[PDB]
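Participant: When you get a sec, could you give me coordinates for this:
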Amino acid sequence: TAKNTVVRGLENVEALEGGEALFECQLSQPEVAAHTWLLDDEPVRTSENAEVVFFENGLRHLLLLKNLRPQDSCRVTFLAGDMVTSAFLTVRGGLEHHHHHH
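Facilitator: Numbers count the residues shown, from 1 in each chain. Sharing the structure here:
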């Protein structure tokens, strides 16, 4: 509660099937009071196939995904204090259907 001002918000991301995704957001706020990150309607943590990591004490929020299936095409929303950044998710596919863990 001293200074919070986003310099760069999220941006469009393009990755082919079976690729990874990287969302780098740079904001001025070396403090953590309340931060919520919800992309698809699922908490963004889980495991290797998805998980948040960041350095510089949260000054550089980086989210890495993997094995991106066409399905992933969802919404990326990050709400950090009076600053909100949001960007689209786009990933190509191949098979029209799949019977492996729907």
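
Participant: can you give me the strands in this structure?
Facilitator: Taking DSSP state E as the test, the strands found in the chain are 5-8, 13-15, 22-28, 35-38, 50-55, 60-65, 75-80, 83-91.

Participant: show me what contacts the most far-flung residue of the chain relative to its centre?
Facilitator: Distance from the C-alpha centroid of the chain peaks at residue 99, with 26.4 Å (CA atoms, centre = their mean). Contacts for residue 99 (CB atoms under 8 Å, 6 or more residues apart in numbering) come out as none. C-beta coordinates here come from the backbone N, C-alpha and C atoms, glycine included.

Participant: now swap in residue 70 and tell me
Facilitator: 17, 91, 92, 93, 94.

Participant: neighbour-wise, which of the residues you listed leads?
Facilitator: Most neighbours among the contacts of residue 70, by other CB atoms under 10 Å: residue 91, with 20 neighbours.

Participant: Surely it and residue 16 touch.
Facilitator: Yes. Applying CB atoms under 8 Å, one finds residue 91 in contact with residue 16, separated by 7.1 Å.

Participant: Now do the phi/psi pair for residue 74.
Facilitator: Here is the backbone geometry of residue 74 (degrees, to the nearest 10): phi -140, psi -160.
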